[PDB]
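# Fold and geometry: a report
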Amino acid sequence: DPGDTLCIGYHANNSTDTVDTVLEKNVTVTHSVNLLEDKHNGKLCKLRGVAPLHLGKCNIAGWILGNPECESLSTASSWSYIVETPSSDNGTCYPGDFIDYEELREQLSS
Amino acid sequence: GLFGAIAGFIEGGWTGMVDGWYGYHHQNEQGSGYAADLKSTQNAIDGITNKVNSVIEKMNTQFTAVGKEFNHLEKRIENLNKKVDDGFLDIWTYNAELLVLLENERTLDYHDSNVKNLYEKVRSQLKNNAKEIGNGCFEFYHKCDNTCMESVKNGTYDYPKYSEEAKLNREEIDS
Amino acid sequence: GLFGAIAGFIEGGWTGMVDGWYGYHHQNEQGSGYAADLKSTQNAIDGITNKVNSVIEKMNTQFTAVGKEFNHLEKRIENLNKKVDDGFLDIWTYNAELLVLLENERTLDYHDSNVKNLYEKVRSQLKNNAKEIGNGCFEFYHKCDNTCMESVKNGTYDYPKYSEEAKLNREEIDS
Amino acid sequence: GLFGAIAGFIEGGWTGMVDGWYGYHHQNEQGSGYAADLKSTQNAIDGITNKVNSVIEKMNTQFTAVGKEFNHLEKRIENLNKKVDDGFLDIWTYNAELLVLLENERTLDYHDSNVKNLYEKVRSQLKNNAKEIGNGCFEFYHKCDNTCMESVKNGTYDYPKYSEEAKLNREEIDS
Amino acid sequence: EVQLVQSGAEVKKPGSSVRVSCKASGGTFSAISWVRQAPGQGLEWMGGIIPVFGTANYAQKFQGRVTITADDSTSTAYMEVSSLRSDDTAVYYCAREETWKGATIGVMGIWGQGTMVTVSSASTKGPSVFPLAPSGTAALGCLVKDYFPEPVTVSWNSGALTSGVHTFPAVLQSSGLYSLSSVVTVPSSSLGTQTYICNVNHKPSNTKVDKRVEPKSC
Amino acid sequence: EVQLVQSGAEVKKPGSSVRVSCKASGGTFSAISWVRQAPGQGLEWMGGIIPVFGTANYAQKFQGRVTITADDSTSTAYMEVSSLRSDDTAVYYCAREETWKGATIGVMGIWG
Amino acid sequence: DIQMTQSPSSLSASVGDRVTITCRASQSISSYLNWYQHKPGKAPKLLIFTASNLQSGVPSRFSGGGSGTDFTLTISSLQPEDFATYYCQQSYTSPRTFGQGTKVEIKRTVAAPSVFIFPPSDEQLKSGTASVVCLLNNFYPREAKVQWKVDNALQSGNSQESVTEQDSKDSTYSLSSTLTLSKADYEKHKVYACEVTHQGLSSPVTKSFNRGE
Amino acid sequence: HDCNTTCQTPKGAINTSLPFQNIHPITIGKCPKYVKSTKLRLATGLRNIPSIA
Ligand SMILES: *[C@@H]1O[C@H](CO)[C@@H](O)[C@H](O)[C@H]1NC(C)=O
Ligand SMILES: *[C@@H]1O[C@H](CO)[C@@H](O)[C@H](O)[C@H]1NC(C)=O
Ligand SMILES: *[C@@H]1O[C@H](CO)[C@@H](O)[C@H](O)[C@H]1NC(C)=O
Ligand SMILES: *[C@@H]1O[C@H](CO)[C@@H](O)[C@H](O)[C@H]1NC(C)=O
Ligand SMILES: *[C@@H]1O[C@H](CO)[C@@H](O)[C@H](O)[C@H]1NC(C)=O
Ligand SMILES: *[C@@H]1O[C@H](CO)[C@@H](O)[C@H](O)[C@H]1NC(C)=O
């Protein structure tokens, strides 16, 4: 016979991707996909296109009451969620108890 | 390998084949080179893509705010709220880890099955006109030109056409 | 197919066989017809039924009222209650969808394995007394009556009995 | 068996082999005995141990007190708390039962594949120098001493060395 | 199901480069193919990418210029072509291999919405409208000439007159600018009874024109 | 990762017996091997146990005296040797077959 | 590479008729041919892939078949909706080539064009450029010849032709021929003619005007 | 900042279609599930064996 051989084989590359299986850990594969999200843009954004409501120097109690260390919205405003930094202190400047604070915060969230 | 083809009787892969996952290395007087089996490669890509799509698309969610705010006299519901979040975290983590672990094993065996099937498909086409020589390789007892080569890749090899040519060569190599 | 039998080297199924999942088509002087392998068919039905029973019976529940009623000043626990219901809905939906998707793949391969095993069981019984001709078919080199036919279905084929009869016929067909 | 080796063409196991899961029974003039294939046995133990470790180690928990105390006027949150506990109980029970059921099936097939691969590895080494006689057994056409025996266990059998010795014996047994 | 939303139309000059977006409504890993149709010509597949096999297969004509890429997390496909030339002035489409069977590589399946790309040395030029005064039935119309780029929106009497209205396709003249003609047939009696005004709008140049098509009298 | 914490040092007289503990920080089913080093001498593997294959493989020198065992729930390994003699005065180590590949039987991997 | 050749290049029917479009390949593509329908101003739609397997949402009237090198797409009864251009694309090997194109038209009785002419406006003449517009409204068939006769001298290269798509009400076409000349060459002549030769007209129809009147 | 998003976390928004995330367990909007997993790599190709020996 004049040689004339034919071979069956599979593909290989230089990829260093390693995956974990039930029977063996760190198996190198030619191609793989990542199912986990671990990166964030590091900025609070506009959910549903509507910008959030930012308070800053005040908590929700300060802004809703009108503490002199807080701003107010004169025009018709809208928001998708509320941002309240932990540095916010200027809320109920006069000491006292604000009833249903957590309930009102949730109702004012959007 | 579960089917014994990948890392089995085919010891290693081919870096010279870049156009597909599974394919062939041919050799004749016209030369030699690597080619990928279009039929088996595309049918494996579709299954893997469906596998990836199935994992992702079946997860459908809605708008939801996880955050809950409680005061210092609402510890029990706060602990109840935390118990809900932690329980969901453990359930999702365990399922996600095991899903990848089990499906990664399935995917590798899926490639193993496809390689084994492709070898057997060629084996059924050639029958005794070729000699198995290991490493997933066949030696032809008759001359096979470029038209004859791709005819195996086509899936249209003519066994009776070279049956008598190969049979005469079969009984002379073995003394 | 994972094992390459269903939709593989056996290209198509038989509608003439209605008494079982896997079986045979015989041909001799007494006639021809379809018959189902009782042993392999029943052993596959039991596995599938156990598979269906396992999915259903392992789900055991108790009496429970999902409905919870809250007032307008209990939004947070109401949101907490909704968060519990929605989380359970997403978890159950994803597991149920993936369970069917993965088990449906397993079931089809299970039928593929059984078809492949049945062919190999017949192959081991006949050895060189029969010629593989593709499509999961065997050609006998010796005459095989109805008793000889079902003897293969029984699993009690006598290779030495027709060994010399088939060997003489083997060396004359091939010139 | 999915691969048809365990409880398939190898009808039964060997209690005389206690040093491993898969192995060999040899027979020659020097005697007979059982030996375990070190390579295939260890590679199966590692996979099973990884399988057991994967199920256990991926479950990582933290300090948590399940107990919650409510009064007689907190029935709804108490029912909400109970609904959380019962929902977690049903989810974990169903996943745990199905995980064992599916993985137990996978483990048995994994042993089936390994037995089948070991037989085919020996088959590829011997080629026509040995005759398949069923039950996963080979008969040598040439004398095979202890060095020749373990050379198959080594994986270093010399086919050309006994090719002419076995070929002469091959054409005389068959008349 | 998933829906494909391509990027907006963009106009550039020869020698530049452009990248086209293709966002998925949900998340999928189906293959990506980009197809171009030139004005008056047939479809032409440009290239493709397999998310699970990596790589990026292109055509012989486009190999070297085009660069088809996709991102997994956003499920967004990108098609970039460099060394832009007037030959590539066409509309580009984004498709994903998907049918009821599944991934079904090879078939375009779900398509996008198209993306008009215009390459020419001409800059943004406002349209000029000249009234085609009318002479059974009579025909009067407006002439939108020498504008860039496409398109111009032409109506009649602020959309009051629609039947018999024929707005002709734009024509690329020898100057690299577009010219358009809009006509409508009305009964000869209403020539003086009803005044006819055409409303040509070309937002790329922020030009909106209302021309009074007065009858011509000798 | 899992961490191995062996039992404390113990001193006895010839003829007695001793069992050594090997607690895992987490839970694992990796194989167990115990190795002894005598003062001024080299290392010496004593025996091993495969949690998934059962059994307990020892060495020729130690077969009969040593008894290596492990418990699954606590993931704790135990090495007991009887008929203590002055020749066994040494330091004993507990190791688990584990690398980045996985179970990797044969290699000591993590030590005590 | 593969050369997809669609036959016929163009066709026409009158709703409810049986339609058959043939697509030929240079080499053998087995059964990797797919049919697509393209509408003016709308995204292309897949109808038949792998020579069979009607896409979800496509009505059963669209039926495809064939293998090897010759393929065929059939529509049982033609409707108003499926009046569009059809393309056959191969996917057997890269590059994936489409067909040349096969347009479908709603059949209509032969209708003579209504020819109108528009001289350049006095407002436009102030800009130094002149545009003479010839209009053909609601005619059939599409094919027509427009000749510009400037002082009985045939102007060539100075005119451009624009044709609208078929109207959905009467199934007719409209044509616009714009012969552009500068104000200098426009006033060099006094007579401008638009000779239209069309099937619906027994003889060519010429509409002319005299400059300055 | 002034860019749209479909999911928001205190550490920052995410624009992803993957079904899992590990940035922050407290989210607002259409968001993936939160897991403790560190590496979830799903193999799509076959075992890479380019080794010459
Ligand atoms: C099969 O391959 C040979 C090799 O050139 C060719 O002659 C023949 O056309 C091929 N058949 C196809 C492509 O269907
Ligand atoms: C095997 O089949 C033959 C066919 O008739 C019959 O003679 C024999 O009894 C069968 N053996 C059984 C049924 O055990
Ligand atoms: C193979 O087995 C034979 C049997 O004794 C022996 O001579 C030879 O050394 C072995 N090869 C090894 C152990 O590598
Ligand atoms: C299967 O096809 C049907 C239409 O025939 C469609 O509704 C369904 O979504 C398809 N399956 C999948 C998983 O898309
Ligand atoms: C794989 O190896 C890496 C180090 O190369 C390690 O970080 C990782 O934990 C290993 N995989 C497993 C499952 O232990
Ligand atoms: C968000 O989307 C809205 C759509 O209504 C759009 O008006 C707004 O400009 C977008 N914000 C961006 C892109 O920052």
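If you look chain G up in the PDB entry, it shows as GC_w2_3C10, light chain from Homo sapiens. The PDB lists this entry under the title "Crystal structure of 05.GC.w2.3C10 Fab in complex with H1 HA from A/California/04/2009(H1N1)".

Named according to the PDB entry, chain B is Hemagglutinin originating from Influenza A virus.

## A few points about unusual backbone geometry
Between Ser94 of chain G and the following residue, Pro95 of chain G, the backbone shows a cis peptide bond with an omega angle of -5 degrees. Looking at where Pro95 of chain G falls in the secondary structure, it is placed in the loop between strand 9 (85–90) and strand 10 (102–106). A positive phi angle is found at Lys127 of chain B, which is not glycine, with a value near 60 degrees. Turning to its location among the elements, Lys127 of chain B is positioned in the loop between helix 2 (75–126) and strand 3 (130–132). The backbone phi angle of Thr104 of chain F is positive, close to 40 degrees, even though this residue is not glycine.

## Some remarks on the site of ligand 3
Residue and element names in this part refer to chain D. Lining the immediate environment of ligand 3, one finds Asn146, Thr147, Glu150, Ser151 and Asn154. Between an oxygen atom of ligand 3 and a side-chain N or O atom of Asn154, the distance comes to 2.5 Å. Surface burial for ligand 3 is 40%, taken as the share of its 360 Å² of free accessible area covered by protein chains. Residues of the shell around ligand 3, tallied by class, amount to no nonpolar, four polar and one charged.

## Some points on the site of ligand 6
Residues in contact with ligand 6, as listed here, are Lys46 and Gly49 of chain A together with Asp2, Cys3 and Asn4 of chain H. Neighbouring residues of ligand 6 are not confined to one chain but are distributed across chains A and H. Within the backbone of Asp2 of chain H, a nitrogen or oxygen atom sits 2.8 Å from an oxygen atom of ligand 6. Calculation on ligand 6 without its partners gives an accessible area of 360 Å², and the protein chains cover 34% of this total. By residue class, the composition of the shell around ligand 6 is one nonpolar, two polar and two charged.

## Points about the state of the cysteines
If you walk through the whole model with that rule in mind, you get ten disulfides over all chains. Counting its disulfide-bonded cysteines in sequence order, chain G shows a connectivity of 1-2, 3-4. No disulfide involves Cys7 of chain A; its sulfur sits 3.5 Å from that of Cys137 of chain B, the nearest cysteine. Since its relative accessible area comes to 9%, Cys7 of chain A is described here as buried.

## What to know about the arrangement of the chains
With no contact formed, the shortest span from any C-alpha in chain A to any C-alpha in chain G equals 19 Å. Separating chain F from chain H is a minimum C-alpha gap of 14 Å, and the two share no contact.

## Some words on the interface of chain B and chain H
Listed by partner, the interface residues are 32 residues for chain B and 27 residues for chain H. Applying the counting rule to chain B against chain H returns zero salt bridges. At the surface where chain B touches chain H, the tally comes to nine residue pairs in polar contact. Contributions of two or more residues to the side of chain B that touches chain H are made by helix 1 (38–57) and helix 2 of chain B. Of all the elements, helix 2 of chain B adds the most residues to the side of chain B that touches chain H, at twelve residues. Considering only residue class, the side of chain B that touches chain H consists of 17 nonpolar, eleven polar and four charged.

## Quick look at the pattern of salt bridges
Going through the model one piece at a time under the given rule, you end up with 50 salt bridges over all chains. Of the charged contacts in the structure, one is a salt bridge between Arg76 of chain C and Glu103 of chain A, with a shortest N-O distance of 3.1 Å. Highlighted residues: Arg76 of chain C in helix 2 (residues 75–126) and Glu103 of chain A in helix 2 (residues 101–107), drawn from two different chains. A relative accessible area of 4% means that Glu103 of chain A is categorised as buried. Salt bridges here are not isolated pairs; linked through shared partners, they connect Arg36, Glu44, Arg65 and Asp88 of chain E.

## Comments concerning the interface of chain B and chain A
Each partner contributes to the interface: chain B provides 54 residues, whereas chain A provides 31 residues. For the pair chain B and chain A, the summed buried area comes to about 3,400 Å², and 61% of that belongs to carbon and sulfur atoms. For the pair chain B and chain A, the number of links is two salt bridges. Across the pair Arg105 of chain A and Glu69 of chain B runs a salt bridge, and its minimum N-O distance is 2.5 Å. If you look at where chain B meets chain A, you find 22 residue pairs in polar contact. Sorting the residues of the side of chain B that touches chain A by element identifies strand 1 (22–28), helix 1, helix 2, strand 4 (137–140) and helix 3 (146–154) of chain B as the ones contributing at least two each. Among the residues making up the side of chain B that touches chain A, the classes are represented as 31 nonpolar, 15 polar and eight charged. In the sheet, strand 1 (residues 5–10) of chain A pairs with strand 1 of chain B via five bridges, with the strands oriented antiparallel. Residue pairing in the sheet places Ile8 of chain A in a bridge with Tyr24 of chain B of strand 1 of chain B.

## Some details on helix 1 (residues 38–57) of chain C
All names here are of chain C. Between its first and last C-alpha, helix 1 extends 28 Å over 20 residues, near the 28 Å set by a 1.5 Å rise per residue. Residues of helix 1 that are buried: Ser40, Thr41, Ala44 and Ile48. Buried residues of helix 1, viewed axially, fall in a sector of 100 degrees; they line one side. With respect to the buried face of helix 1, the exposed residues turned more than 90 degrees away are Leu38, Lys39 and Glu57. The inward-facing, buried residues of helix 1 abut helix 2.

What counts and how
- Residues numbered from 1 in each chain as written, not as in the entry; some residues may be left out.
- Chains lettered and ligands numbered in written order.
- Part of a larger assembly, values for the part shown.
- Heavy atoms only, no water.
- Residues with missing side-chain atoms left out of burial classes, pairs and counts.
- Helix = DSSP H or I, 4+ residues; strand = E, 2+ residues; numbered from the N terminus.
- Near = heavy atom within 4 Å.
- Polar contact = N/O pair within 3.5 Å; in protein donor to acceptor, adjacent residues only side chain to side chain.
- Areas by Shrake-Rupley, 256 points an atom, 1.4 Å probe, with all protein chains shown as cover.
- Nonpolar A, V, L, I, M, F, W, Y, C, P; charged D, E, K, R; others polar.
- Disulfide = S-S within 2.5 Å.
- Buried < 20%, exposed > 50% of the residue type's maximum accessible area, 1.4 Å probe, protein only.
- Contact = heavy atoms within 4.5 Å.
- Salt bridge = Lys/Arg side-chain N within 4 Å of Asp/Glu carboxyl O.
- Buried area = accessible area lost by both parts, 1.4 Å probe.
- Pairing = 2+ DSSP bridges.
- Expected span 1.5 Å × (residues − 1).
- Arc of directions from axis to C-beta.

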